[PDB]
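To find a chain, count down the sequence lines: A is the first, B the second, and so on, and within it residues start at 1. Heavy-atom basis, side chains included; hydrogens, waters and symmetry copies ignored.
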Amino acid sequence: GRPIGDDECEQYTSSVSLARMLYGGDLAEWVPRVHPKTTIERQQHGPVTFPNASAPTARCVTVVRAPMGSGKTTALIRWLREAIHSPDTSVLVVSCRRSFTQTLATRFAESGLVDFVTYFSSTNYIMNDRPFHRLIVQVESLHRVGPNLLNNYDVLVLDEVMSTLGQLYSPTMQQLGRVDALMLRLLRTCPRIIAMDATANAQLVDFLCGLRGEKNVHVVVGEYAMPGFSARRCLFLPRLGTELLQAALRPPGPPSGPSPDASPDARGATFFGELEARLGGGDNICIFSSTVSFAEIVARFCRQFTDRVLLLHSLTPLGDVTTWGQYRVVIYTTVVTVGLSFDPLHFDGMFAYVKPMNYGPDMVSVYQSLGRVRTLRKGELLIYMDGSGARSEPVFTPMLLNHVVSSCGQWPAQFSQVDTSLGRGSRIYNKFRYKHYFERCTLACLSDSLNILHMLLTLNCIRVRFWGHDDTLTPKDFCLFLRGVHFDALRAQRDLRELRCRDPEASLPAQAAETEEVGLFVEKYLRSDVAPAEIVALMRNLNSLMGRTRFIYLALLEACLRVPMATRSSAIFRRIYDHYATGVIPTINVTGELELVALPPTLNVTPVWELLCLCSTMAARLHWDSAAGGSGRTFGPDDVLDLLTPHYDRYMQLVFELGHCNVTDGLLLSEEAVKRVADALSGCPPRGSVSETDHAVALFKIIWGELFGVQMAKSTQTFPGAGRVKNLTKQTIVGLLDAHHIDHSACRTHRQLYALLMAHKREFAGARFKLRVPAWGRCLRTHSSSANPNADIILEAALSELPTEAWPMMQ
Amino acid sequence: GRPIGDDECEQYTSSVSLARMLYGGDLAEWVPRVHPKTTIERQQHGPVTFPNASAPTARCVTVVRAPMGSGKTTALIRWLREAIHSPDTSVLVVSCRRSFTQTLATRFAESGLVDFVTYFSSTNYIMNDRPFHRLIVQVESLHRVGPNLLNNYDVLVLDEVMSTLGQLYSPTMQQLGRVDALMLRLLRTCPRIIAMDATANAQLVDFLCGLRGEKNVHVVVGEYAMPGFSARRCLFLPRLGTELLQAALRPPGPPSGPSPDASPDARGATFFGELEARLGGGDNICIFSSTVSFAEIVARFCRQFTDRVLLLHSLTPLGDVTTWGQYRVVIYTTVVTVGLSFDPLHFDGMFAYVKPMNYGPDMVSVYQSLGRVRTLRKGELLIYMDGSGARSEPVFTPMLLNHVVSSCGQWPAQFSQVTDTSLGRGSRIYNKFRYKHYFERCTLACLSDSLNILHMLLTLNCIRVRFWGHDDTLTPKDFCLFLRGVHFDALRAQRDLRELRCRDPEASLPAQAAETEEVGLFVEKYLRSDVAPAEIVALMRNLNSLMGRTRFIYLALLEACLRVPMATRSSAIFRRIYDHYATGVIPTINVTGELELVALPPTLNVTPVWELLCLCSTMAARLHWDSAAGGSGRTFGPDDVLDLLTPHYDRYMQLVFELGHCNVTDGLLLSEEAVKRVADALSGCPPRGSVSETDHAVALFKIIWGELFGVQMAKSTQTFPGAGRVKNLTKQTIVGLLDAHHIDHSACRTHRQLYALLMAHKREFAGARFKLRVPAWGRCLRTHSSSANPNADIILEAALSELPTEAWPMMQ
DNA sequence: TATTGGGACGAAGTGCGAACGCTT
DNA sequence: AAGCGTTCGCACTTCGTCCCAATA
């Protein structure tokens, strides 16, 4: 291969430098330069110590950048003991799911009269009939208690502040605009603030200087963490070593002697070699894995050397960390980020397999996960970075560094350095949006991802080394290492594809969800909150050409209810069709293997558009929502005739034409589709052979049944419309009494008018039905489905908001 | 046929009512109802009279809704004579290309101190070194004249104000934010304002009340138009009558025996029948057509009854309107909307073929066009509305009317009645009237809405409108019957017009292609808005070949990769750009000359394409590539070529090899011809040891650019590096060249003295030097430099640039 | 050969009779 | 503090998908 370029050395140096800026590693140099009136100090020896809060010279805002295990919680309790003058002093402590409040609430046994809001079952609150006074909260739950907070507090604590600010960008975030304004009001008005994170950065210090001026901010920088039981040492391994894995997992029956390959060690230090050495040597080990796919493989490998291997991921029952002392090997994925830490001196070493992926965990999540085991008896942490999946050129380019350093550390909010109003958050949301964006973008590139992870380890005082460079690494050495890793990672994929666990206990729903194709599919058609097992059930249905056709029809109908100009402009319809009804979709075949399928484009969409126009109006009239299960209204055979009769002969003509289409124009007019529609019409009673209602119900049932897979099911409802008996409001009761001209206003009260209907219920008996959407199809984004924006939602907004301009125009 | 429903009668009544509200037909009721302190008056008898401008009680703002031909220009001149208290009183008059300023500037001879900006000449009026004191302006040039404008004027006149505000929404609008701020300053600050349009509406009256309060606004409603020309009578015809056209354009050879078609009269009065009657009767006729396709057919028909037939459209040489008195028939299209009016009493009657289309002219444009001939000697206007193309259910629904009337006449800015992101940007002025532009374009989807709008505009200009067989009144059921008839005839007649299409005896294919919806939609997605239809036909002929089509898509993808740089980084984002640009359906022109749609089939594995586009996007950026600008901004030599490839040479070699030897036909870009021709080209390249590194590098570079994108490495005529030709070098570019070859100098800063140095040292700059050149087609592509008003594609790329992929199976 | 009817059990209701927020 | 409107618990029933046992 080619020798290392000077450009490769500048790429490296730029990536490291931007990583250092994003997580606050530059803070001691940047503060004096850019905010000269803000005081700063560094504490390199022993635990951190915050300023004496009772002194008149102690500033209103203090911000702390100090390691996990630097003594922060002890310095905070000391600072609160000094800050709190009286029981009349109010206090607010905000935290996050990433670092549970229960640890603070436990250690705060040291302080009088402080309590925490239960994020579960928040009723029966301790400060009953009063606003909260001395309170611990998690930001993810803050909107629940916002109206029962004091308007202002005497002390504000933000713990893991960058993790707190990170929640604003989560898809689960709720009442965002309120939580923005609430936090901003507290920041602008509390007379003492303390804000702490291992990664508190220049933009936080800038923001607090913006709200309160340099002379009221102080910064303290920790560069010490507790030795001994927490003196962790990290090693990046060069090679996965699947040649050992495949030889171990080999069936023991045949002799199967070795081929003349993998004879040289190629720098050895394999992930699997090093792991086997610990397992054979009798060590207790814990293994983080980014992917379930690999977690299952390494569990199989561990189950050869031991019996007692625990495996934890989202689709396993949640094992509490107290149980982990029972096992020789514990394998987990990022799910333990939601749970508590494991404290006991049980494990000798830790292994980690990290694979950046566009829809994967971010490196800051990975770091959180690696921390969940607090204590390691031998102090080893071995990391393998799988760069297949992440083979792109860097995002932390020299151009971006030159930009950011020119603007005094002010980052661009998106990768084009020199925008449209696609979001509308407040000061807080806009200030830190850059950090969320680069945490997700850099996953595209292994070099950037590695540099971020290395930065996070270094800022927490973990000594990081790379194999064969066990002192310090020059840019050329890094580029050689990283070049080697990309090659190893790329060749190992075939071994991991061969070894992919397909025994019944191996989770196909989890393994499917780690595929990029599935993430894209989910992002375009489906709701974000659907379970992987629901998706596999849909993808199995999509494998059949009939199931796939019905899926696309149903997704088009939903688009037409979301974009009502699609029902009117053929031009807009062609944009919606090209987007939702052409391209590639993931399916699962009968073997259980994931398999992509093309949706061929259609030259003439006119028959489809006419049909969906008709069906969209009748869908709207029946209050259709696939997510809600189908039709909101009940309807009877008379309503069916009323729905069809305005355009009856068009429905007849279009279903006939679809049954006899001369050309196989794309997906929806393929041979099986037109055959099925013809077969359906061959069974339909002729237009004069039965009552108008009988023919109308037959036709309606064929349209909904064949095209969308939607069943006209009989209803047990006592009364028409949407209303269940027990939920019937007074206004709807009056409507029902008037609809039959029943006696009215005997009394004004609900219970009287209810008692009338419950006597006259027999007058409301009859044939009654609902449209039911199939089992799949309930997981689709619909007009009712609230969702944070993406490319598809914004495209539909554009198609709704912007009109078609006249083309060949005159000046 | 089934009877007309009461729901159709509500649809009709809603459509009419919303049309009335949009063009200010409701103004006499709505002002008393919503702004009681704003005085209003009705002038039903004789020409309009504005308030006495010299009175102490006469209000600061007056706004006038009055017909074309109602006397407005005389009332304006009278009002100005009264409003101008002194020789030093300043005046600004703003108008539009639709309402051309020279008619005012001519009649303003009576106030001969007033002058107009010669926006066409673009002369350096700033040489006067003083503000313009009494000025007439075309709104689209207002920014350029911005400097010579008194910060405030004593009198502000807005002429065809609605037509003026309409320019803000034009694609060709320039420096919008500046023109917005300028007009909004003037409206807030000028001591007297008068604003006039035949369609001045409630939202303008509301906006002026918003800036100046009800007590400072007064409204005049005119309902009279001068007889002799605006005594025009309009009749909507139920049938096109293509049976007569077919019988006429039939060759003289065959016997053509009779058939039962139109043996029953179908109540008569066809477009072509009525036209034939006037042509045979010796009348002089003018014909508006919405489409060139139809204009050429009616020109062929007229050339049977007469010799002297003129025809005018965007691809004809645009002859001056004064010449029209020479002809028995003049056929024209929207080209005359921007042109001048014809005043002499030549034409007897006027015919109009109007066809709503999503990419066509709006009905207000059509109306302006009909207004181009001032006077018709027999007063007749006959209109045929072709609803094929416009068969959708209405946009002016009862629910929209209920919304608008509930909000006191405040329209929603889009068809969904809900408050959505600020995808487009503008001031108060732009946002206030955006709704009018939106509904002007959307209603083209529906013939009923389009007809009601055109009928409204005719009525607000005092033209008496009738429908055939309905002599004085038309109930909602009668209207719905008429529409049902029209929609049938219009759909029936399309086959006749397709048969009778000219078959290209050099007959103007580019205009007939440009009226296709598929082509409009293609141009919106891939091309610049301003390209000529003749360049589009040249591209669509190339697109017919699978090789030409492959190169086009590769080049469009490259430009997208330069626009959306995360596409070069995230395979998820690349898949969204690929799915959008490189899959779907595109229009082509086959060897016969007929238009033909072609599929771009989707690709299961785009990784080979993405790898190669990543390698080309970097290289292109380094070469300052821009297809519009013709190719590479930089010149480069064979030494640069080796430096471009060498970081990834093994990848370029492997990818072009694999692209040659791909085992699977995975969509368009990996089709059999594509892989075969890349293998042929690659196997024709010299082996790595056979030639110098630079020779191999240039061979590989030439193959990649040449086969995949169709771009030629062309030898440059330049004496010097960069982009300068000899006689066009100047001080800065000269100094930048004198940095080379260590030509240290102390010569003076004047261009020719420094040029004299390079004209000696030129021998040191000579060598093998090249540019990449885009083919003839492909210069019409929307590139990263191509400024354009937003559309769905521009906004999709914004979203892919701004929004990051979020972790999917997400932590709880 | 493949019909066919029955068991079997999730989804989606009933509806008495009650809780419960609140403003009278 | 109880008169009122909304809304839910629990023990039931109806409908229809599914496949297995019984044979048209």
Next on the checklist: Please determine whether the number of non-hydrogen atoms from other residues, nucleotides or ligands lying under 6.0 Å from atom CG of A:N124 exceeds 12.
Outcome noted: no
Item to check | Donor-acceptor pair under 3.5 Å, A:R724 side chain vs C:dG15 base | outcome: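 Checked by distance alone, the answer is no.
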Taking OP1 and OP2 of [N], is either one under 4.0 Å from a side-chain nitrogen or oxygen of [X]?
X      : N      : result
A:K770 : C:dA11 : no
A:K761 : C:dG15 : yes
A:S715 : D:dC15 : no
A:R751 : D:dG5  : no
A:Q711 : D:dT17 : yes
A:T716 : C:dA12 : no

Specify the separation, in whole Å, of atom [atom1] of [X] and atom [atom2] of [N].
X      : N      : atom1 : atom2 : result
A:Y754 : C:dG17 : OH    : P     : 9 Å
A:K730 : D:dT7  : NZ    : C1'   : 16 Å
A:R768 : C:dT14 : CZ    : P     : 10 Å
A:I733 : D:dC4  : CD1   : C1'   : 12 Å
A:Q731 : D:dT6  : CD    : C1'   : 14 Å

Item to check | For C:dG15, pucker side given by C1'-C2'-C3'-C4' sign | outcome: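 South, since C1'-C2'-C3'-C4' is negative for C:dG15.
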Next on the checklist: The side chain of A:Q717 is closest to which nucleotide in this list: C:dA12, C:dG15, C:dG13?
Outcome noted: C:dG13
Checklist entry - If you draw the axis of the six-membered ring of A:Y580, does the NZ or CZ of A:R562 fall within 45° of it and under 6.0 Å from the ring centre? => result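 Because its charged atom sits under 6.0 Å from the ring centre and within 45° of the axis, A:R562 does stack over A:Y580.
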Identify the pairs formed between an N or O of the protein and an N or O of nucleotides 8-11 of chain D at a distance under 3.5 Å, and give each distance.
unit_1 : atom_1 : unit_2 : atom_2 : d
D:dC8  : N4     : A:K726 : O      : 2.9
D:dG9  : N7     : A:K726 : NZ     : 3.2
D:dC10 : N4     : A:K726 : NZ     : 3.2

